[PDB]
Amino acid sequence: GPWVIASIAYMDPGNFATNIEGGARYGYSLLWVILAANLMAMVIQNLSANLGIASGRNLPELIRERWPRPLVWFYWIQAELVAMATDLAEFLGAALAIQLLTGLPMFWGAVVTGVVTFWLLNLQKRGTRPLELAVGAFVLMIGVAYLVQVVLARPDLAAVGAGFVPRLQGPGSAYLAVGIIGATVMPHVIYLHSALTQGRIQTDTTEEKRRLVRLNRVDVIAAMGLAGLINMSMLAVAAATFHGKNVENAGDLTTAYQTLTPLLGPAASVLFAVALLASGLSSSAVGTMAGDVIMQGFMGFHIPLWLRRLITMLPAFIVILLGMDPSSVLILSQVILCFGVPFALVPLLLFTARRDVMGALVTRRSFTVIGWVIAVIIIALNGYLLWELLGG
């Protein structure tokens, strides 16, 4: 199973930005958002995985083959904007880590990131599998560090428990809450996960399809459960480190290493930036591969990979030339990603409730309703954010 490197999206630089900023600025009051977004992601990623197993096709393929041509065109275009926002936080997050490790300007950090992403693009599994394992080592261990630091930091349990009750903290809190949902419920994974499980069967029977669904549901929840524990711990450690005090540039990724200083000591700066670098490079490489697959499913053709790697790279250089804050752009991209979630959910909820698509593996009616409740929740939360951002 070499497809495990796609699991870095739940630990991409977007999660680092939203977790650290959420704790530093709003303390523990956003823990419930991470728990909600992680539970929503378990349901959605199971439906996506069950769609590929039951139907044998990925979600963009089904839209292309079943829905009218103009609707398929609109769905491919909005899927490309999702890939732009997704790759932006991951590519810029890698460039930021280059600056944290070498002091190199953000422009040259992106130049280095570009050459590296172009090099990984045309590599086979022989030279990539050791890199995938090395990335998984840094990110897992930096996640274990937060799981250990969240206990050693002695957090205020009264504020931690209160943080699991849904509450907003002004206008900027809904903005960051929407960003936390997009950082966990990622639209590009909704399309991609259906493609990772398609064509993965051996005897093409119902009993075998039910077997792959059972194994997937246990594997998804086990990994998603660990990712949620890490994300909550990272926000809790960030809250216990910065919130309530007045630390300069609190929440920014250039100072986030201080969250692990009591545990790692003088090594907290390098190990954080190394984990952020491996996270950004692998997610940006997987994201480029995923966008090529999503376009092929929607349109029947695709642009060459070097051209896609080039187009998705321009906004990162534009943002750097604009002098914008990298951590603030990482959050904004996650916010934009959450506005693409309802578009991905509607065909997922419809297709997995169809017998001519799923066969005997039609989704249970209870989980179809929970999915539509999740979709309505995210549509309502995206609308309230757009309401305050436009005024009133």
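The numbering used is simple: start at 1 and walk along the sequence shown.
Peer 1: Which has higher Cα B-factors on average according to the PDB entry: 133-141 or 164-172?
Peer 2: According to the PDB entry, the answer is 164-172.
Peer 1: With respect to the recorded C-alpha B factors, which stretch has the higher mean value, 123-131 or 298-306?
Peer 2: Between 123-131 and 298-306, it is 123-131.
Peer 1: In this PDB entry, which of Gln149, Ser194, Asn249, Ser279 has the top CA B-factor?
Peer 2: When the deposited C-alpha B-factors of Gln149, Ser194, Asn249, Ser279 are compared, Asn249 is largest.
Peer 1: Going by the entry, which of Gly14, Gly22, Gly383, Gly371 has the most elevated CA B factor?
Peer 2: Each of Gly14, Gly22, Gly383, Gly371 was compared by C-alpha B-factor; the highest is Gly383.
Peer 1: Pull the Cα B-factor of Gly93 out of the PDB entry and bin it into the chain's lowest, middle or highest third.
Peer 2: Lowest third of the chain for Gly93's C-alpha B-factor.
Peer 1: What third of the chain does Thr205 rank in for C-alpha temperature factor, lowest, middle or highest?
Peer 2: Ranked within chain, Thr205 CA B lands in the highest tercile.
Peer 1: Quick one: classify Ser366 as lowest, middle or highest third of the chain based on its Cα B-factor.
Peer 2: For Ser366, the deposited C-alpha B-factor lands in the highest third.
Peer 1: Among all modelled residues of this chain, ranked by Cα B factor, put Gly225 in the bottom, middle or top third, i.e. lowest, middle or highest.
Peer 2: Middle third, going by the recorded CA B-factors of the chain.
Peer 1: Looking at the C-alpha B-factor of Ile379, is it in the lowest, middle or highest third of its chain?
Peer 2: Within its chain, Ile379 is a middle-third residue by C-alpha B-factor, going by the deposited values.
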